[PDB]
Amino acid sequence: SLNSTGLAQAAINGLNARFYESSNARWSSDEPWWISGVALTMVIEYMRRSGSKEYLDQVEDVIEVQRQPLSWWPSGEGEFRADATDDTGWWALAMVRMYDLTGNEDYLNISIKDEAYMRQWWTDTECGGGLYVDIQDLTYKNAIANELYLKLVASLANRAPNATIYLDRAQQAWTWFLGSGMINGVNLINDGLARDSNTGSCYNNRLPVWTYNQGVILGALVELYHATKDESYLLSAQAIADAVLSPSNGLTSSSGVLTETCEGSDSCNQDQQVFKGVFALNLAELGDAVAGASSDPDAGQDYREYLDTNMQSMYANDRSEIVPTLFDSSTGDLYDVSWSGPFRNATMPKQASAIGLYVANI
Ligand SMILES: N[C@@H]1[C@@H](O)[C@H](O)[C@@H](CO)O[C@@H]1O
């Protein structure tokens, strides 16, 4: 059969062999900085799920260098506080993951500083809540920045000392998200909100449905369930996941393979190339929560079967290996954007999205 642990390591080795820069403690400086944060999350989650620790030294190096004041946003004063609330959000959740792996309180402190940073741009005056993504411009309250924040306050509600304040924030934040209108008629989440030019009211902008906007929200609801023991959060998360798995919604193909909307026109940019892996990692978190919340042995079987179906299609149609030489003994696997389509090239976001699918099957 297929061993996801050995393939996750092979995919991580291909990511490092092709894109890691030892002189910068970062993957691919030519790619968005926040995707290096997603990459660290995939590697941390691999170690936590496989019990390994082979990349712990490398990961600790990345944190030490990237936690310094960013050259393009010095006013953030480091600790992953950047010029966009979602850029900060990806690194903050990675620090929550590292705290889960190591138990070192230093990493939890970074998440606490990041929560207080992002909360600065939550306003009740526009759309009745939510935070902005563009710290400099302050014109867009989108879905991904509010999903990252919601999963951050919900995670702190289970780990931080002053857990009650964080639980109140998460409960008020989910209530705003649910009532914002970003969740549409088929329980899928569009990109963000638009504002009426005359009334000041906000509404679903009907922008595309991206896969990672259906995943981060699942992990936030799992943390909310863990902090309240209320299964109502799991049932809402299961409705969002079921809509993704339904082939009638255009995100799951007739073969059962997850497909970004940009794959048909072959126009997935550097951001969209990483989306699918973020969903698969969060879906596996939902499945673990569903299987434990009930005694039925088939609990969460559809989510595990879905991840297994997608792992096999990527393995067979999207794989390519690096050429070993007489000098470089580097080995591993490379992957493209389509988890069923052909392999043409490999980019760091595509590779990080592929790691997440294997780690979701561990
Ligand atoms: N600050 C922006 C982010 O909001 C955005 O997500 C990335 C995308 O590349 O570019 C910049 O870093």
Side-chain angles (χ1 to χ4, degrees), residues 32-34 72-73 75-76 81-90 92-93 114-154 166 168-221 224 233 236-237 239-240 243-244 249-251 260-262 267-272 274-275 278-279 282:
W33 177 72
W34 70 272
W72 65 94
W73 195 248
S75 64
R81 294 171 288 209
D83 64 346
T85 54
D86 56 351
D87 286 29
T88 302
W90 292 108
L93 290 183
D114 287 336
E115 191 279 334
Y117 185 67
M118 306 165 64
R119 179 97 191 161
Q120 294 194 280
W121 294 276
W122 174 287
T123 76
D124 302 287
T125 54
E126 298 88 63
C127 312
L131 46 66
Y132 294 91
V133 54
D134 39 339
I135 275 184
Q136 300 212 83
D137 305 333
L138 294 190
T139 54
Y140 195 23
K141 297 199 179 188
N142 68 359
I144 190 56
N146 287 285
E147 290 187 16
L148 290 160
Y149 179 77
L150 174 61
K151 197 183 178 177
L152 176 55
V153 280
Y166 292 122
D168 291 319
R169 276 173 219 210
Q171 294 189 297
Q172 225 45 45
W174 157 252
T175 298
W176 174 87
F177 199 94
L178 179 56
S180 70
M182 289 193 252
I183 308 174
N184 63 22
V186 295
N187 300 327
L188 291 178
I189 294 139
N190 297 85
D191 194 69
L193 290 169
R195 201 161 174 251
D196 194 305
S197 313
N198 274 99
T199 82
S201 278
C202 301
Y203 54 94
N204 190 316
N205 58 13
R206 304 307 158 170
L207 279 199
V209 168
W210 303 111
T211 54
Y212 78 150
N213 274 334
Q214 333 291 322
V216 183
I217 184 74
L218 306 178
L221 289 160
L224 269 158
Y233 295 108
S236 291
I240 295 171
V244 176
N249 280 319
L251 290 183
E260 213 73 49
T261 51
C262 54
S267 46
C268 301
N269 64 10
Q270 72 278 42
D271 298 335
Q272 292 136 16
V274 84
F275 284 178
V278 169
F279 173 83
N282 276 274

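Sequential numbering from 1 along the given sequence is applied to the chain's residues.
- Two residues are said to be in side-chain contact when any heavy atoms from C-beta on lie closer than 4.5 Å; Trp73 and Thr88 fail this criterion.
- A distance-only check finds a donor-acceptor pair linking the side chain of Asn249 to the backbone of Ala243 [under 3.5 Å].
- Of all heavy-atom pairs spanning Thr85 and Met118, the tightest one is O-CE, 3.3 Å.
- Of the possible donor and acceptor atoms, one in the side chain of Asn269 sits under 3.5 Å from a partner among the backbone N and O of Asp271.
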Mind running side chain to side chain contact (heavy atoms under 4.5 Å, CB included) on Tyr132 and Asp137 for me, showing each step along the way?
CA-CA 9 Å; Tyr132 294 91; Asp137 305 333; over 6 Å; no

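- In terms of heavy-atom proximity, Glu115 sits nearest to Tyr166 at OE1-CE2, 3.5 Å.
- For the pair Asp134 (side chain) and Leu138 (backbone), a donor-acceptor distance under 3.5 Å is present.
- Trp210 places none of its side-chain heavy atoms less than 4.5 Å from the side chain of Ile144.
- Contacts of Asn184 classified as side chain to side chain donor-acceptor pair (under 3.5 Å), with partners at least two apart in sequence or in another chain: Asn190.
- In plain terms, the two heavy atoms of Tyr233 and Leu221 that are nearest each other are CB-O, 3.5 Å.
- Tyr140 OH to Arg195 CZ: the interatomic distance, rounded to the nearest 0.5 Å, is 15.0 Å.
- More than 12 heavy-atom neighbours from other residues, nucleotides or ligands sit within 6.0 angstrom of CD on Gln120.
- Looking only at side-chain heavy atoms (C-beta outward), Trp121 and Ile135 come within less than 4.5 Å of each other.
- Contact of the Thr211 side chain with the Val244 side chain is not registered, since no non-hydrogen atoms from C-beta on lie closer than 4.5 Å.
- Summarising the geometry of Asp87 relative to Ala82, their closest heavy-atom pair is CB-CB, 4.1 Å, with the distance given to 0.1 Å.
- In this pair, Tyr212 and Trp34 present their aromatic rings tilted. The plane angle is within the 30 to 60° band.
- Side-chain contact check for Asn213 versus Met182: every heavy-atom pair is 4.5 Å or farther apart.
- Separation of atoms CG (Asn142) and CG (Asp86) is listed at 6.5 Å; rounding is to 0.5 Å.
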Tell me, with the steps shown, if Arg81 and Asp114 meet side chain to side chain contact (heavy atoms under 4.5 Å, CB included).
CA-CA 6 Å; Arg81 294 171 288 209; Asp114 287 336; 3.6 Å; yes

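- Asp191 places no side-chain N or O within 3.5 Å of a backbone atom of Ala143 that could act as its donor or acceptor partner.
- Although no hydrogens or angles enter the test, the distance criterion places no donor-acceptor pair under 3.5 Å between the side chain of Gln214 and the main chain of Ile240.
- Side-chain contact between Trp174 and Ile217 is present, with at least one heavy-atom pair separated by less than 4.5 Å.
- The shortest distance between side-chain heavy atoms of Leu251 and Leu188 falls below 4.5 Å.
- Annotation: side chain of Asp124 is not in contact with side chain of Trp176 (no heavy-atom distance under 4.5 Å).
- Atom-to-atom distance recorded for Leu93:CG and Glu147:CD is 11.0 Å, nearest 0.5 angstrom.
- The main-chain N or O of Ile183 is never found under 3.5 Å from a side-chain atom of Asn187 such that the two would form a donor-acceptor pair.
- Nearest heavy-atom pair across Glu126 and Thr123 is OE1-OG1, 3.3 Å.
- The two residues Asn282 and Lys151 make their nearest non-hydrogen contact at OD1-NZ, 2.8 Å.
- Once rounded to the nearest 0.5 Å, the distance linking SG of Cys262 with CD of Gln272 reads 4.5 Å.
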